[PDB]
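Comments concern the structure below.
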Amino acid sequence: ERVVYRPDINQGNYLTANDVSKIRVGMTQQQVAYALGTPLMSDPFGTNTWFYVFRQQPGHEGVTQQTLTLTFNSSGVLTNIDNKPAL
Amino acid sequence: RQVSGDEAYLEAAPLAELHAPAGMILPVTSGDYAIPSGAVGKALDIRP
Amino acid sequence: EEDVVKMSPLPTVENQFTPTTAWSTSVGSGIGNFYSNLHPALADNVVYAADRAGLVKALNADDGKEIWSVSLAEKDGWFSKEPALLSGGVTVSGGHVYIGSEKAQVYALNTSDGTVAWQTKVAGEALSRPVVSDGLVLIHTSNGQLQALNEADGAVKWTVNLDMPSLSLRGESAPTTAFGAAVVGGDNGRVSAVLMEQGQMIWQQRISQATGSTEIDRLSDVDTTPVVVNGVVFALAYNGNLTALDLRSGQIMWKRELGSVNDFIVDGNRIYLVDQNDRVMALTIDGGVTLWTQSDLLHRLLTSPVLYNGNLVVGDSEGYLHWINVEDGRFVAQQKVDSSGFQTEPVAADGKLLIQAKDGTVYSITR
Amino acid sequence: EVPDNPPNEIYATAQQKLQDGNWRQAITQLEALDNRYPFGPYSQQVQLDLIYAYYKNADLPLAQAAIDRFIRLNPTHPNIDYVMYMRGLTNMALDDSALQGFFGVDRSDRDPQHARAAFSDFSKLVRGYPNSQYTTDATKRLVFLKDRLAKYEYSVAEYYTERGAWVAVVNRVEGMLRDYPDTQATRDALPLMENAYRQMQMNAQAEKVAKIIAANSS
Amino acid sequence: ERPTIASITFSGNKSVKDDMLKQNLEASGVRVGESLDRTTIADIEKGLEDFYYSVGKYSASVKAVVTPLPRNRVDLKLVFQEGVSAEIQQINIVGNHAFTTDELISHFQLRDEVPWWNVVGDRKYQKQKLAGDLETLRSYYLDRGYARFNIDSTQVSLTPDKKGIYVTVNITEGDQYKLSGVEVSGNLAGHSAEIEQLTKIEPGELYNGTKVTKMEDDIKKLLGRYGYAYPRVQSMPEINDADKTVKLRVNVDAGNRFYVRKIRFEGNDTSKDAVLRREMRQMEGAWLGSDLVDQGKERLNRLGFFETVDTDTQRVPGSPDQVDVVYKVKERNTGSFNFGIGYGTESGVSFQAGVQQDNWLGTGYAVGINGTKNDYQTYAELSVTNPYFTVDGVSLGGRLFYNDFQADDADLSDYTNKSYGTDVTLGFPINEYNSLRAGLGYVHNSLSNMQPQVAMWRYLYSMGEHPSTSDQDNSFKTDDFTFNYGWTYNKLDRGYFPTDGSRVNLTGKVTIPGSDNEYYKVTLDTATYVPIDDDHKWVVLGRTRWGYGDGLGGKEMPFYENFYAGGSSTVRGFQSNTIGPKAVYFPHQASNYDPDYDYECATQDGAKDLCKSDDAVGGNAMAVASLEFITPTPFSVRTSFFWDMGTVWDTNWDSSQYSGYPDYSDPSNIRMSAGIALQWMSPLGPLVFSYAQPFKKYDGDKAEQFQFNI
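In order, the protein sequences belong to chains A, B, C, D and E. Heads up, UniProt numbering is the position in the first sequence plus 23, with the first residue counted as 1. For the second sequence, the residue numbers in UniProt numbering are 33 to 68, 73 to 84. Heads up, UniProt numbering is the position in the third sequence plus 25, with the first residue counted as 1. Heads up, UniProt numbering is the position in the fourth sequence plus 25, with the first residue counted as 1. For the fifth sequence, the residue numbers in UniProt numbering are 90 to 724, 732 to 806.
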């Protein structure tokens, strides 16, 4: 409560609203991967579902997570789209 | 002729290939832990 | 860390008679180290030399009194009287004498006054002694190129390219002509015949290699100056490897690759030379059949040799002169005409010997 | 140092310092001979003596040098299996060049490259000469080296955890699982990944991983 | 059997790396254990004189010594009949028609003006240096507007002595044009406006090729912010020779983003990967902007716990996003133990040693231990630094030091100030080079029976005490709760031997009550590097400190905090701390201790009539001057020519008393000692020392022109 010194959270693999619109339903795995760059978050053991994360806070003023995660069926086909902003 | 160095080998845990609830497997097999004389330590003598 | 192999000094000093120094007109340096032909020439008791920046003179061949001088250094532009680095020889042709800058800017010089007839850019610095071809001066630029200019204005008659080099073995091929057959040395041991009229390869030829991944003699300041006595030619190799060939052939008559030569002349039957060993070999016309060599000032850095009163002259880099009994075969006279020394052409026309020391402007001897 | 002498006596001195341990003078005379009679057959026997002492001398550069020289000299030789094990040994040695661990120190966290090299050598041994006179030694070096790399990566992840790059974290824990769910570092790390996800409301994976260490609560 | 090649003995090179010629020998199929080819005497002689021709000599023959030996072993000597290397005499720039040729050398790497008035390398030759000069000239026109410019050819001649190189240039001087406009083209991926602004040329201005390339690669970096590894972008000019202008095609094309997965480091065995991985402000698991990688690199550099920050990105094979970073780190290790000893008569030669491990185990923990000594005033020092106390980077440095001198010369009373103390430093990196700090400095001192000296006694009354004047009896113990601060902005290159950058060491020291000696003050250090040689081998070496004392409550600089200079780095050539106010004692007699008329510093044993004394004690204010030019020793090392100058003085030196005695309130008393910032390397470590010319010696200064260690 007496430290103005804080950093900004230099983490990404973020999203563009372009990236947002970039993908629609049932779009296939390789297709979406190229269309959005490979992901880095996806369950070790569960389904083919995928995550995609935005991450920041500029220090003392609000933390901005923004992840969309991405469900996937058996045959590498999208099944559902799942965004989430901060909190 | 004893192994100059540890035998912390002997304190390494027998690696439990882990054991998870169903449908939760992970492709370990990238590794190379084949399981087959020669001492361990004292008589582990490297005279050729 | 400079253990260069110095040579024997002046041995067995001898002067059968009096090397009378006719005079020593030292008009003013000059060259410096700066190896370059720039050799001074004469015409009718009137002789001609030049500085290394644009100054040119015309003198008396009795005392070296100046008949007149001129400067040439460009009086404006990138330098007020820009050092123009005259490096062509001294080519005399009637009212017009010629000079070669190291800026590809020839200067035809109106002899009568020193009027700059015309300065013409060419394919590079004019290292070789420009040669007259009866309306055509023979400029052999640095970069293997070769161009003739109209004596009257410098019309570029043509632009024969030639024997393009890789590492510049000194490309002062002094071109020569035979009945209207333009000949010239080259930069890659390859003499080439040329149509005197408009520069067409009458034939080419290969004699020697040339320094750079195939290295040849680079202490033989080669007379890149094909002499042509009657149509059997005699060309010095770019490392003095002897040769003789039919004028309009290039087909070898014979060749003494033994030779690796600085400069040369020939008389009647005896050829002469300055091998890199810095020793002539009295050599008969037929083959490199030898009469004698003389390794006395072996490996001393020398000038061209020349004849005088039926005696052979030769200049050293240290103002010593080494008249040689032409048939046997060693010195006959000697004098330290300078400390400055020299390398360029000792000129002996009309029985008057001429030198420009590498800085010590013209000296002139007799006996 | 090298006094030239009868070669049989050269190898004699070599064996003298061998049974003793004066690796310096031994190696001197061995290299002397392979400057004197180098391409001879027992001169690669000399070379084996050389690699031997070079390790016994704890002189690892020339160890690698002569070992690889022996490999390029012979694809399979009488002592080449001992050579392979010695190569693995000198690599793992480089990984333990320092031995501060008994000054209350850890090495589970320094350069994990020679450990990869040794792990590879012992892999190539356990499936390339897997009947040698050096089976279980290499085997336990294998298992330990592996949990060692494990704890290394786990510490790295802990670092980032203290930093915040929870994604980097998750990926580390993952890549560890897919290199091992066995090595203690595994169970160690797991909560790392879990709190990480929690820093990301991906709580689904969090409680999944919870059940994971639950069935593996040991 | 002709074999075997067994002997290789390079002799007469005297100028090169013999093993380079050895790799050539192998490149000629020649080395120990090879097929002994008696024939190859002349062959390899040719090859290696050709090597000389390569290195720019062509003037060093060689003689090989075949030595028939028994069946296997052979001998061979290689007599390098060396001479004088090739030498450059002059350049020509043909076709030059817009600028002075010699000016168009005035940027050339290679040269011919190295005479005894101008120094530029030497007139040897290597075609590579040539090509550099070529492109230099090429730029030299392309910046100007000379589009069509080129280099028609070049060549280099040999004076027919193998001595003289000639230099020739064949140009076509471009015929300047006024570049018209630029056209972005291709993948900008929603980053247009910015890029367009990265190229806001002046309308139709002159052509300037390097300015273009700047626009180009700055657009590159610009994108790198948005994470594109190799934003393959091309700049193309389209010539309008008709109007004499040219238009510009900016072929833009980016890459992809979320790149960095697993950042290897290397060779850090001595050093905890944790700290290294902290010295990279690019948090992993994210995209890449190579400038982040660099700023990292520089951080690692400033740490100094390294030797080479070599980076290498790596597109991991398998998907364009798989991109990961190695760090080939070849950091050196130093056990920093150096004992510099000062010699210079009998009552003042000791000096001090550093016994410091320099981050034990590379844990990220430098920890200090230092000791010093003087006739009586003997001080030690000890420390422990936590560069990374918190995740952010907070540096925490413990400090400890001991004066343990009760003045045991006779028994005591000979300036007894056994005086220890300790403190910590809660150092912040306030900004990415800005750093104020903080700490709670504390120190015990005990004075007793000191030989009386005007300074000390003015102090005691500044203390507000009434010590019996001409008496070796009075005692004073003291401690202090001191509040600390201080500032430092380092953007230097390499923390051990630098090349360039800002070094400042503001150390704000004050005190607070509850303590004994109430006073305030502040110091600050000034020092920096910056190169003169732009090969980053000659460098200007700034250095200067500014001494200042003071005291709250009208009190005075508690004189255990008296600054000093003289001896080592502070000054050169002088003896230790022998610069500034040399104290003076009252015409004192009553010492309570009369030796056999020993201890002649104003005691009863004679010693009346105030002894204007030559005992350097220094005072509340100081500055020493030090500006230096590295010569990367052309004979870890750097060599300049020290000439430095310093001065010390007391403010409160009220000349009223000192009237007839050399004033010590006059700061303008600057000494000077000249020499050369020497440093060597022998097979033992980072060897370095100094030796100065103490000319501008003031009244009674005391010099030992030598110095040892660093």
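Even for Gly, the Cβ is constructed at its ideal location relative to N, Cα and C.
The beta strand (DSSP E) enclosing residue i, as first and last residue numbers
i	result
E:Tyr674	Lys671 to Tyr674
E:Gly443	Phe440 to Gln445
C:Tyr132	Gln130 to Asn135
E:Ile177	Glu176 to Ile182
E:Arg404	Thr400 to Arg404
C:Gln229	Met226 to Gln229
E:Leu165	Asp164 to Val168
Chain E residues whose Cβ lies nearer than 8 angstroms to that of residue i
i	result
C:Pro155	Those do not exist, as C:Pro155 stays about 17 angstroms from chain E at its closest Cβ, beyond 8 angstroms.
A:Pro30	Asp481
Under the three-state DSSP convention, the category residue i falls into
i	result
A:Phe74	strand
E:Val599	strand
D:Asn228	helix
E:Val456	coil
E:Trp745	strand
C:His121	strand
E:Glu123	strand
E:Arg338	strand
C:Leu323	coil
D:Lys236	helix
E:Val105	coil
C:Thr184	coil
Chain D contact residues for residue i, given Cβ-Cβ distances below 9 angstroms
i	result
E:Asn357	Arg135 and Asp136
A:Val76	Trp191, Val192, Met225 and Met227
Continuous alpha helix (DSSP H) stretch holding residue i: start and end
i	result
E:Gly385	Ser379 to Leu392
Neighbour list for residue i in chain E, Cβ cutoff strictly below 7 angstroms
i	result
D:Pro63	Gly122
Contacts that residue i makes with chain G (C-beta to C-beta distance below 8 angstroms)
i	result
A:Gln34	Considering every chain present, this structure includes no chain G. Its protein chains are A, B, C, D and E.
7 angstroms Cβ cut-off: residues of chain C touching residue i
i	result
E:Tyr255	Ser193
Interface residues of chain A facing residue i [CB-CB closer than 8 angstroms]
i	result
D:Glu199	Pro67
B:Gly55	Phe68 and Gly69
Neighbour list for residue i in chain B, Cβ cutoff strictly below 8 angstroms
i	result
D:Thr208	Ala45 and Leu47
D:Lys42	Those within 8 angstroms of D:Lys42 in chain B number zero; the least Cβ separation is about 15 angstroms.
Cross-chain neighbours of residue i in chain E, by beta carbon under 9 angstroms
i	result
C:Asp246	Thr248, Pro249 and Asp250
Assumed close pair residue i, residue j - CB separation to whole angstroms, cut-off 8 angstroms
i	j	result
A:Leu63	E:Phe347	7 angstroms
E:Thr667	E:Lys798	4 angstroms
Contacts that residue i makes with chain A (C-beta to C-beta distance below 7 angstroms)
i	result
D:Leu202	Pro67
Beta-carbon neighbours of residue i, restricted to chain A and to distances below 9 angstroms
i	result
D:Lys236	Within 9 angstroms Cβ-Cβ: nothing; D:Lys236 doesn't reach chain A, min ~10 angstroms.
E:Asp132	Those within 9 angstroms of E:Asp132 in chain A number zero; the least Cβ separation is about 57 angstroms.
Contact set between residue i and chain D, taken where Cβ atoms lie within less than 8 angstroms
i	result
E:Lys361	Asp134 and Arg135
B:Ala52	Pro206, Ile237, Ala240 and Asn241
Interface residues of the region 106–138 of chain C facing chain E [CB-CB below 8 angstroms]: Within the region 106–138 of chain C, the qualifying residues are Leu110, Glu127, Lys128 and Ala129.
Interface residues of the region 502–530 of chain E facing chain A [CB-CB below 8 angstroms]: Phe517 and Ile519
Cβ-based contacts, 8 angstroms cut-off: residues of the region 170–182 of chain D near chain B: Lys171 and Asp172
Contact residues within the region 226–246 of chain C, judged by C-beta distance below 9 angstroms to chain E: Answer set for the region 226–246 of chain C: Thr236, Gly237, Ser238, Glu240, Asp242, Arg243, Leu244, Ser245 and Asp246.
Residues within the region 87–110 of chain A neighbouring chain D, beta-carbon criterion of under 9 angstroms: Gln88, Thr90, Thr92, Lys107 and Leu110
Contact list for the region 327–356 of chain E against chain A, Cβ threshold 9 angstroms: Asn345, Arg346, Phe347, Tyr348 and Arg350
Contact set between the UniProt domain "POTRA 3" (175–263) of chain E and chain D, restricted to residues whose Cβ is under 7 angstroms from the partner: Correct list: empty, as no residue qualifies.
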